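Here is the structure we will look at, set down as structure tokens.
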Amino acid sequence: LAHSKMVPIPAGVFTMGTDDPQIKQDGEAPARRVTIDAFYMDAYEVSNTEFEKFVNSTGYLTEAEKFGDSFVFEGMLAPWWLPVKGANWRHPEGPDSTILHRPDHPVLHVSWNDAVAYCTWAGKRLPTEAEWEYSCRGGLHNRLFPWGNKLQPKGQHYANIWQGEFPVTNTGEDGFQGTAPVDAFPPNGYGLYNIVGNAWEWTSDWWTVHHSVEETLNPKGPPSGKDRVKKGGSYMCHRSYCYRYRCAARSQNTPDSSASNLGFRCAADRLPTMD
Ligand SMILES: *[C@@H]1O[C@H](CO)[C@@H](O[C@@H]2O[C@H](CO)[C@@H](O)[C@H](O)[C@H]2NC(C)=O)[C@H](O)[C@H]1NC(C)=O
Ligand SMILES: [Ca+2]
Ligand SMILES: [Ca+2]
């Protein structure tokens with residue numbers, strides 16, 4: 086296993102957002118041209134095992150652990180998000196759950212601050228929204244998903260999202276009701292796994308829904324805000340209710356927030372030291 090490996094994301098120009106927004110309230114529009122310098126992106130969402138290395142090294146206590154609760158989806162115990184006492188990265192559904200059987204699944208119940216701590220410890224950083232979205236798109240232009248416009252190309256599942264009647268029944272058609280291992284499903288064109296679906300992913304940007312059409316270079320998002328941007332959707336998303344497993348999709352939470360469907364991956368300007 087090599088679940089902290091990074092891939093080189095090539096220098097390029099791409100179209101961020103879309104002039105055909107699917108959730109207009111989220112500021113998916115307008116489409117805008119963005120230039121990104123070459124950098125490195127984690128191939129995988131950060132796993133439980135990888136986060137445990139960080140915690141073993143630093144003693145870091147996550148915000149959910151300090152607060153004493155975190156949001157858990159009711160179906161695996177909005178009205179379906181319950182603040183559960185004792186839910187945190189080691190106990191994803193609450194005190195009597197465990198990660199012992201899921202070491203290679205994405206770490207969950209990590210806040211934006213927890214994510215920044217991990218990435219910086221690892222000699223890395225969070226990606227910007229634009230870096231994240233560019234990477235998500237995987238060298239394709241103006242497609243819904245990292246792989247194209249069809250949800251199930253060639254009749255194959257390409258991401259871990261919801262099948263069935265949300266939120267009452269998840270059929271597990273794609274092989275996973277909750278999270279999947281961080282190396283599940285096909286990679287996109289840049290070598291990234293689970294960039295849509297599985298766990299939501301934090302980015303460094305403050306959230307706004309107001310974007311200009313002006314061309315930008317390595318944009319960092321607005322200089323102020325109250326919520327940070329998250330991307331890519333999760334195992335909970337379904338076309339019928341929450342259609343956010345698209346590269347152009349976007350949502351937000353306060354930086355001290357955490358939940359059972361939200362994780363992260365890191366980026367870096369250069370290759371850090373490892374092993
Ligand atoms: C995090 O630290 C724990 C505690 O040291 C590690 O678990 C122990 O590892 C030692 C050495 O390999 C084993 O002999 C013990 O059986 C383990 N004890 C416990 C309490 O499980 C753990 O491997 C570390 N995690 C990571 C990802 O490196
Ligand atoms: Ca699924
Ligand atoms: Ca993901």
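With the authors' numbering applied, the sequence shown covers 86 to 162, 177 to 374.
Note that beta-carbon positions come from the ideal geometry of N, C-alpha and C, so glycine has one too.
A heavy atom of ligand 2 is found nearer than 7 Å to the CB of residue 275.
For residue 234, the enclosing alpha helix (DSSP H) begins and ends at 228-236.
A buried status is given to residue 135, since no fewer than 16 other beta-carbon atoms sit within 10 Å of its beta-carbon. Rounded to whole angstroms, the Cβ separation of residue 325 and residue 353 is 7 Å, and the two are in contact under 8 Å. In the displayed model, residue 217 falls within a helix according to three-state DSSP.
Leaving aside the five residues that flank residue 251 on each side, the residues in its chain whose CB is nearer than 8 Å to its CB run, in chain order, 257. Around the beta-carbon of residue 113, 16 or more other beta-carbon atoms lie within 10 Å, marking it buried. Using a C-beta cut-off of 8 Å, the region 223-239 makes no contact with the region 144-160, since fewer than three inter-stretch Cβ pairs fall below that distance.
Sequence-distant Cβ neighbours of residue 329 in its own chain, meaning closer than 8 Å and more than five residues away, are 299, 300, 301, 302, 349, 350, 351, 352 and 361.
In this structure, residue 204 sits away from residue 196, with a CB-CB distance that is not shorter than 8 Å. Distance from the CA of residue 323 to the CA of residue 304, rounded to the nearest whole angstrom, comes to 9 Å. Around the beta carbon of residue 194, a 10 Å sphere encloses fewer than 16 other beta carbons of the protein chains shown; the residue is thus reported as exposed.
With a 10 Å radius around the Cβ and a threshold of 16 neighbouring Cβ atoms, residue 309 comes out exposed.
By the rule of a C-beta closer than 6 Å to any heavy atom of ligand 1, the residues picked out are 134, 137, 138 and 141.
Runs of beta strand (DSSP E) with 3 or more residues, each lying fully within the region 327-362, are found at 327-330 and 350-352, listed in chain order. For the region 221-308, the continuous alpha helix (DSSP H) assignments of 4+ residues that do not extend past its boundaries occur at 228-236, in sequence order.
With respect to the 8 Å criterion, residue 340 and residue 244 are not classified as neighbours on the basis of their beta carbons. Around residue 279, the same chain offers 259 and 297 as residues with beta carbons nearer than 6 Å, after the five sequence neighbours per side are excluded. Residue 149 sits in a helix when the DSSP states are folded into three classes.
The straight-line gap separating the alpha-carbon atoms of residue 130 and residue 311 is approximately 30 Å. Judged by the Cβ position, residue 279 fails to qualify as a neighbour of ligand 3 at the 7 Å threshold, every heavy atom of the ligand being at least this far.
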